[PDB]
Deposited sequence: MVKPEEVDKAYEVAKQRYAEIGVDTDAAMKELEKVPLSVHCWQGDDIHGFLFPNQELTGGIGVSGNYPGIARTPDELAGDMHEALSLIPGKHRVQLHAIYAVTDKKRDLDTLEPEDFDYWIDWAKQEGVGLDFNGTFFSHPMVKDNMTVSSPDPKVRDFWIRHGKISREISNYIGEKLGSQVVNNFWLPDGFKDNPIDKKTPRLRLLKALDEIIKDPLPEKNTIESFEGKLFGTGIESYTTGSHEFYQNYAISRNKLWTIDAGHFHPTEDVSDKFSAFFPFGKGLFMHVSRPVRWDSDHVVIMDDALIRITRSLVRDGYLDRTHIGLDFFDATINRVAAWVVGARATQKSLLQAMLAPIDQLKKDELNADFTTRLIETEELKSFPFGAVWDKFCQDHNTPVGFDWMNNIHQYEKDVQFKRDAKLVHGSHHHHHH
């Protein structure tokens, strides 16, 4: 086990190293505790939900098991966070379909969130259903298919409004559609006009902003839908800005070499807010667990340096069933927090002045030196201050949870 005295000693020296270069480590930690991460429920049960019943043991099979697993992960993540629901995580003994869901079907999660002390975000479920016709939903050329998914869309807003009212925290309602073509399309225009019309119909009925606002998630390509995506990043950025809604940036859904941290400063002169879905793509939209890599470092430092956190909701989105599913959440959440914290531990005001004076020598030297400053000592202090295990130690908690809970399922 890490000795708390070692943490305190390392922190006192780190505090002085940072103070020497004009950085306040105590202030950086206060800034970090103001950034809630929206932990996605679907990593716990391989996106099965409850509506329509070499993988690691101990998958959650019930609301109680999934709630318990999220409680365990949150207990190992320092600070206070949020949970993202999917529509298929409805808890009810009533026979429901996606077009007949009712807000009270989420009373279970409202009660859980109040007891756990977390806010809730929402996702409509526009996949894994017989009404998905040729990979299309809201923007299907089939009117019956459109109407079914438009009803689910409107219901996602009603559920979100209800949750937001009960919780007293705004529910970000994220729309992701699979709609697209496997092979090269003739008509790229009409599907996007069908999408535009359908989305306008979904958001028409006004709901209190204090309770919910919608975000729209584009994708470049998906398995079986490689050649064309109706809901493109350009379509949704244009839609978000014109309809005054949020734009969802999923770090896994762009071109090879594409840096999503570039988009923030091109959006905020025109738009309202972002839902930043941190996700690790490995050569495709693979939904690997978020790790501390160039992409995460750039996302977190671009939000911190340019002051966009107050208008950017950070959500996790990944699905890895090859490892302990509770551990997956903690790895991704801690990777995101330590990357935000490293960005907050820079003399940003002074680095900005140096850059304004075109002192590119100083900027290169200092940014490179900061990568080996004692940021880990500040992160360890943050973990310890918030009653979470330091470094390797939380593996003990996972091993105990496996023995007592997961391996017994």
What stretches of this chain's deposited sequence are missing C-alpha coordinates? 54-64, 421-434
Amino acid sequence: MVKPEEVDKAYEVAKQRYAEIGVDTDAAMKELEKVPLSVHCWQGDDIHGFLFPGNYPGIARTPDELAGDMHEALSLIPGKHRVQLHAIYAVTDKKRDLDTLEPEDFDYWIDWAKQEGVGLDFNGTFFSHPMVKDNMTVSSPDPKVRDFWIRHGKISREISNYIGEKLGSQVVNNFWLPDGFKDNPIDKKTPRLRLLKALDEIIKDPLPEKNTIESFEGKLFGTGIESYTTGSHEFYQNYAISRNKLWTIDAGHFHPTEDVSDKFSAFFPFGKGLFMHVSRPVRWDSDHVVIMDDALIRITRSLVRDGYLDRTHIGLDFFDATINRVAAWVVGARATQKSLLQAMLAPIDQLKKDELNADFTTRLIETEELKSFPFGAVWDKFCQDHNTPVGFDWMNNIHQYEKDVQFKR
From here on, numbers count along this sequence of modelled residues.
State whether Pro53, though modelled here, is left unmodelled in a third or more of the other entries compared. yes
Segment of higher mean CA temperature factor, 232-240 or 148-156: 148-156
Taking the recorded C-alpha temperature factors, which stretch has the higher mean, 94-102 or 168-176? 94-102
Highest Cα temperature factor in the entry, among the options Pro281, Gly271, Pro206, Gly218: which one is it? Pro206
Among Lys80, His255, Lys182, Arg301, which carries the highest Cα B-factor? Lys80
Ranking every modelled residue in this chain by its Cα temperature factor as given in the entry, which third contains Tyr56? highest
Could you say whether, by C-alpha temperature factor, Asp349 belongs to the lowest, middle or highest third of its chain? highest
Split the chain's modelled residues into thirds by Cα B-factor; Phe318 lands in the middle
Chain-relative CA temperature factor third for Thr25: lowest
Lowest, middle or highest third: where is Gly117 by C-alpha B factor in its chain? highest
